[PDB]
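Here are the chains, one letter per residue:
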Amino acid sequence: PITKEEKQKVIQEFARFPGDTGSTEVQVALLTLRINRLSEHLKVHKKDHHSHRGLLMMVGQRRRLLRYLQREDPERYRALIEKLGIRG
Amino acid sequence: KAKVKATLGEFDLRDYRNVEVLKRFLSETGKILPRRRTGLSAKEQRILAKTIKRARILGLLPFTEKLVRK
Amino acid sequence: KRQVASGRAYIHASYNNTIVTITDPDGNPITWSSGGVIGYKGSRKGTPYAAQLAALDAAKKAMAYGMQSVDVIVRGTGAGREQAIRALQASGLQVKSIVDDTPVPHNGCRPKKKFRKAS
Amino acid sequence: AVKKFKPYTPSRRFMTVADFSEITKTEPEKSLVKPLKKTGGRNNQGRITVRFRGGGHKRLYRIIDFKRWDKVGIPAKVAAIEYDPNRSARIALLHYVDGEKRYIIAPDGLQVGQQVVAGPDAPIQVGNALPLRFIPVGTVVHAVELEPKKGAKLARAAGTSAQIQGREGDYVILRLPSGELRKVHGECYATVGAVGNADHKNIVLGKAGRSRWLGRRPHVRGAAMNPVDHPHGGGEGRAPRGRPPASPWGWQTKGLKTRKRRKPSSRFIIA
Amino acid sequence: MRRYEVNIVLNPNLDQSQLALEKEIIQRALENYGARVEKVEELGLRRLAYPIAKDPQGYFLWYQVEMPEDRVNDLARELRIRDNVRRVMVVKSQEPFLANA
RNA sequence: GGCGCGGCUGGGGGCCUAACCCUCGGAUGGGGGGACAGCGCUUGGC
RNA sequence: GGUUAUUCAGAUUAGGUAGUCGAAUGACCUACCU
RNA sequence: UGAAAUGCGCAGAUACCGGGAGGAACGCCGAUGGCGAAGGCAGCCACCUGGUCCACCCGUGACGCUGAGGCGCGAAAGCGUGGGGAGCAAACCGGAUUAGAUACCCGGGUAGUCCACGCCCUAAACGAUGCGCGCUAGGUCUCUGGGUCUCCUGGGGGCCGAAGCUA
Ligand SMILES: [Mg+2]
Ligand SMILES: [Mg+2]
Ligand SMILES: [Mg+2]
Ligand SMILES: [Mg+2]
Ligand SMILES: [Mg+2]
Ligand SMILES: [Mg+2]
Ligand SMILES: [Mg+2]
Ligand SMILES: [Mg+2]
Ligand SMILES: [Mg+2]
Ligand SMILES: [Mg+2]
Ligand SMILES: [Mg+2]
Ligand SMILES: [Mg+2]
Ligand SMILES: [Mg+2]
Ligand SMILES: [Mg+2]
Ligand SMILES: [Mg+2]
Ligand SMILES: [Mg+2]
Ligand SMILES: [Mg+2]
Ligand SMILES: [Mg+2]
Ligand SMILES: [Mg+2]
Ligand SMILES: [Mg+2]
Ligand SMILES: [Mg+2]
Ligand SMILES: [Mg+2]
Ligand SMILES: [Mg+2]
Ligand SMILES: [Mg+2]
Ligand SMILES: [Mg+2]
Ligand SMILES: [Mg+2]
Ligand SMILES: [Mg+2]
Ligand SMILES: [Mg+2]
């Protein structure tokens, strides 16, 4: 899986304050990991459709958030989209 | 007529080596005996068979033996 | 060729004819017989009566090869299966046992259209 | 897998050509004790002995290591996968630790980099070569010998290979790329795995000229000739073979076997 | 670094001298992939239910071990190279599940 | 008509190596094949 | 005594078809349908 | 096989023992069972990976529901290139049944079935029941999870039935 370790690190590196394990800001970064991870997997497992679905859902979930985050606060969106590095 | 449950003490059914223990689940033919004959739970019966299969692969348990005297 | 007290008797229980071959300890036929060998044809060869006469005519010849004991093994869910065996009693020869080796696929080759019954 | 072509010209609409991706950016062959003059067309009386050869691009012969037991235990690094114009296979210029360099039929999987070595010790890893009494039955192996200490014969064509079916005395069983079944000698060396560039069969010459570059000239149907020339010679309006179809020499080609019964190579085959 | 349970079965009719050899290959092998071995239960010869390579006996060994969860697949390719190895058989490790406590 | 023995064996199986054949950083040798193949005379065929 | 071909005379049918089945003569040795 | 015949068999078959090859499918466990959006998924081993349920009530603060078009998946059959090919098996051949039998039964048999990649995109693709959300008796067994635990609590799978709906 993902290292329960570096998972924390992801949460850590992206969060407004200690604890905070569910900010929009986090969830994004937090999914994005699991995405890119899956992404890279499918890249070799092309024939693994089932899982692909999940990725589509995952990309979806984060699509929503990133929207809500843009919709609510444009400032910190322009940060997260870029720190994370997406929207291409 | 005789549940294989109250037939033996406490053991690890996830173990795939207690040949003596396991044989106690495989009839006089080689068949992985039913639930109706070891009474185990759903959850139990499973991890059981899962190992019993494992076993046969190492060679400890059989796959079938001949049906004896009729 | 040689005579031996210890032997083995194989029963082949088809539906359209049952047959038996009697072999030495190793597994090498000394004699055999079957419903046709008896004198039948097609369906009649399926009769358990023939299955009697067979096992006898088998054992019968077998006896004159010094055969006395004969660990029995049957294969075939056939109709004349146990009568083939029954005949090995009345035969007059000491059956060391009775086994059913009747072979069974652990789910392998698709079978004929007929024997397609599973689903 | 293969390069296609947009149909900007007939013929070119069907013609595919290999992708020499696997060719390690290395046009030049190793000029060293590696190339060599080459020429021919027909036999040593002046006469043609093999119909329809001739013409087609000039070639350099790349010397190949087919005995590969000169350098037992001596390792070497795979310096390059090169294009050989005179085999279906691709080749590997490998540098030995010795400072000795040779070429080998690049098998499938070989990466420029890979260590590799010959000898009985050697690892049963892709690339290394060693006697047969020594490869684990079931292994697919290639570039095999046939009689020992004699150079590789079996399985050198592109993406070809043979498996070991079993051993049996001083000999081992093999299943040739042809499907044949043979007892070869135990002491026969064989590089491990199967041959490079299996993608080969799917090229499509596509035009007439391309066959010509290959040095193969046009080949004319028997039907097309005259009685003087060839047993299918009746010519008389597109016509039926008049008889059981024959070679220009008149031996049946329709299915007749030719293999010399009393060959000694015989009692070592089964296929 | 998950825990595993590398069973192995060796040519029962094989002397302890040659056996020494095979046992070392396994050793270095396990090491070539860094399987810093925990326990072991080398349970000797044993009679088995079905002739394995036409032999009714077979030597057993059981190296519990932690190691990189990736080279695990490859390690087993190695252990199986030996013909006197008659059936490698790794397993992921799990806390027992008591039945009829 | 049957047991034991040697020359003669004829057939069939197996193994050998040294003829003969192939091959090996040139070897009075190593390896592979092997009394086969190849070749001579001869038999009948297509 | 058997085989085959045909035919109408019956027969089986509620009836028809066809068939089976029977007979004659020449040659020869249960199915469908209304 | 209804009984047969074609078929195979003295050139030695069937039955039996040993040895070998190869392909396909996974007996017993197995189920009124589970999982998945659907198609669908079953020996064992690892690896990579998707979804889902429960506990704690810690985090964000309405970020939701649907969804034309789009995009992906999509049983079997079928198609292309290349493999593979045991058993089965449209087409095909033969035997028999029949008035006839291009069928049912029998003997034989090829694509196909299997794999890789690419395409096809249909179905009684069925629960013939769009998805989400809140409302409105209980009884019974069953899978799975939590809790001092002859039972409460959550999530699935069933049968019987309050009211109510219903031709
Ligand atoms: Mg964690
Ligand atoms: Mg008959
Ligand atoms: Mg031409
Ligand atoms: Mg002429
Ligand atoms: Mg002509
Ligand atoms: Mg002309
Ligand atoms: Mg004309
Ligand atoms: Mg002779
Ligand atoms: Mg001799
Ligand atoms: Mg010899
Ligand atoms: Mg020699
Ligand atoms: Mg020799
Ligand atoms: Mg000399
Ligand atoms: Mg020899
Ligand atoms: Mg009438
Ligand atoms: Mg009438
Ligand atoms: Mg008349
Ligand atoms: Mg809060
Ligand atoms: Mg708050
Ligand atoms: Mg608000
Ligand atoms: Mg299909
Ligand atoms: Mg077609
Ligand atoms: Mg077709
Ligand atoms: Mg349904
Ligand atoms: Mg109801
Ligand atoms: Mg009511
Ligand atoms: Mg009511
Ligand atoms: Mg309503």
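Positions along each chain are numbered from 1 by the written sequence. They may not match the entry numbering, and residues without coordinates are not shown. Chain labels run from A onward and ligand labels from 1 onward, assigned in the order the entries are written. Taken together, the chains in view make up part of a larger assembly, and the values describe this part alone. Excluding hydrogens and water, the side-chain values take into account all heavy atoms of the structure.

Here we look at the sheet that holds strand β3 (residues 29-34) of chain C
Residue and element names in this part refer to chain C. Read across the sheet, five strands follow the order β3-β2-β1-β4-β5 without closing on themselves; strand pairing throughout is mixed. Both edges of this open sheet fall to β3 and β5 (98-100), since each of them pairs with a single strand only. Neighbour to neighbour, the strand axes of the sheet diverge by 20° on average, direction disregarded. Being paired, for any two strands, means DSSP has found at least two bridges between them. Per the convention used, a helix needs a DSSP run of H or I reaching at least four residues, while a strand needs a run of E reaching at least two, with both numbered from the N terminus. In this sheet, β5 lies alongside strand β4 (residues 71-75) in parallel orientation, the contact comprising three bridges. By the bridge assignment, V72 is partnered in β5 with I98. Throughout, an axis means a line fitted to C-alpha atoms (over the contacting stretch in the case of helices), and angles, computed between N-to-C directions, take values from 0 to 180 degrees.

Some remarks on a positive patch on the surface
All names here are of chain A. Nonpolar side chains (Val, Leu, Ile, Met, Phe, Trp, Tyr) within 5 Å and like charges within 9 Å form the patches, drawn only from residues with over 30% relative accessible area and no salt bridge. Using a 1.4 Å probe, accessible areas were evaluated by the Shrake-Rupley method; residue-level cover was limited to the displayed protein chains. A pairing counts as a salt bridge when a side-chain nitrogen of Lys or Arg comes within 4 Å of a carboxyl oxygen of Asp or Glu. As used throughout, the charge tally considers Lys and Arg to be positive and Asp and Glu to be negative, leaving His and the chain termini uncounted. By convention, charge coordinates are those of NZ in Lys, CZ in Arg, CG in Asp, or CD in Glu. On the surface, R63, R64, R67 and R87 cluster together to form a positively charged patch. Considering the arrangement of structural elements, one finds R67 in helix α3 (residues 49-72). Relative accessible area decides the class of each residue, using a 1.4 Å probe on protein chains only: under 20% of the type maximum gives buried, over 50% gives exposed, and in between gives partly exposed. Owing to a relative accessible area of 51%, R67 belongs among the exposed residues under this scheme.

Section: the packing of aromatic side chains
Here a pair means two rings of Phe, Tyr or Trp (six-membered ring of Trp) with centres within 6.5 Å. Their orientation is stacked below 30 degrees between planes, edge-to-face above 60, and tilted elsewhere. Scanning the entire structure with this criterion turns up six aromatic pairs over all chains. Taken together, a centroid distance of 6.4 Å and an interplanar angle of 70° make the contact between B:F11 and B:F25 edge-to-face. Note that B:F11 is positioned in strand β1 (residues 11-12) and B:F25 in the loop between α1 (19-22) and α2 (42-58), a separation of 14 residues in sequence. In this structure, B:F11 and B:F25 share a single accessibility class: buried. Whether a charge sits over a ring depends on NZ of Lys or CZ of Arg being within 6 Å of the ring centre and within 35 degrees of the ring normal. Above the face of the D:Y96 ring, D:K71 is positioned so that its terminal group lies 5.9 Å from the ring centre. Cation over ring: D:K149 sits above D:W69, and NZ or CZ is 4.8 Å from the ring centre.

Quick word on helix α4 (residues 74-85) of chain A
Residue and element names in this part refer to chain A. The span expected for a helix works out to 1.5 Å for each residue beyond the first. When the terminal C-alpha atoms of α4 are compared, their 16 Å separation across twelve residues agrees well with the 16 Å that a helix rising 1.5 Å per residue should span. Of all the positions in α4, only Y77, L80 and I81 are classed as buried. The buried residues of α4 occupy an angular sector of 95° when projected down its axis, which confines them to one face. Within α4, the exposed residues directed more than 90 degrees away from the buried face are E75, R78, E82 and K83. In what follows, residue pairs with any heavy atoms lying within 4.5 Å of each other are defined as contacts. Of the surrounding elements, those touching the buried residues of α4 are α2 (24-42) and α3. N-cap assignment for α4: the residue whose side-chain oxygen lies 2.9 Å from the backbone N of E75 is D73. Just downstream of α4, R87 is the residue with a positive phi angle, here 55°. Here the arc refers to the set of directions running from the helix axis out to each C-beta atom. Side-chain atoms alone can form a polar contact between residues adjacent in sequence; in general such a contact is a pair of N or O atoms within 3.5 Å, and within protein one must be able to donate a hydrogen while the other accepts it.

Some points on the interface of chain B and chain C
Taken residue by residue, the interface counts seven residues in chain B and nine residues in chain C. Buried area is understood as the total, over both parts, of accessible area removed when two parts are fitted together, assessed with a 1.4 Å probe. Taken over both partners, the interface formed by chain B and chain C buries close to 570 Å², and the fraction arising from carbon and sulfur atoms is 56%. Among the residues chain B hides against chain C, the three largest losses belong to B:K66, B:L67 and B:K70. Together they make up 71% of the total. At the boundary of chain B with chain C, the tally comes to one salt bridge.

Describing the nonpolar core
Counting 22 residues, the largest nonpolar core has E:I8, E:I26, E:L61, E:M67 and E:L79 as the members making the most contacts within it. Elements that contribute at least two residues to this core include exactly β1 (3-10), α1 (16-32), β4 (59-66) and α2 (71-79) of chain E. Grouped together as the second largest cluster of nonpolar side chains are 21 residues, D:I81, D:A89, D:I104 and D:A106 included. By nonpolar core we mean a set of buried residues, namely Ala, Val, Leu, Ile, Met, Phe, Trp, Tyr and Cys, connected to one another through side-chain atoms within 4.5 Å.

A word on empty space enclosed by the protein
Residue and element names in this part refer to chain D. Method remark: on a 1 Å grid restricted to protein atoms, a set of points is classed as a cavity if a 1.4 Å probe fits but cannot get out and as a pocket if it is open with protein on both sides within 12 Å along at least five of seven lines; lining residues have an atom within 4 Å of a point. Grid points are joined across faces, edges and corners, and a volume is the space filled by probe spheres set on the points. Applying the stated criterion to the full structure yields four cavities of 30 Å³ or more. By volume, the largest cavity is sized at about 70 Å³. Lining the largest cavity we find 14 residues, and of these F66, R68, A143, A152 and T191 sit closest to its centre. Among the elements of the structure, β5 (101-106), β8 (140-144) and β12 (189-192) are those that each provide at least two residues to the lining of the largest cavity. Of all the elements, β12 adds the most residues to the lining of the largest cavity, at three residues. Each residue is assigned to one class: nonpolar for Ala, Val, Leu, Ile, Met, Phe, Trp, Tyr, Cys and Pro, charged for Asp, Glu, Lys and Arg, and polar for all the others, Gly among them. A class-by-class count of the residues in the lining of the largest cavity yields nine nonpolar, one polar and four charged. Looking at the second largest cavity, its volume works out to about 40 Å³. Every residue along the wall of the second largest cavity is listed here: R68, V78, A92, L94, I104, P107, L110, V116 and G127. Each residue belonging to the lining of the second largest cavity can be placed in one class, and the counts come to seven nonpolar, one polar and one charged.

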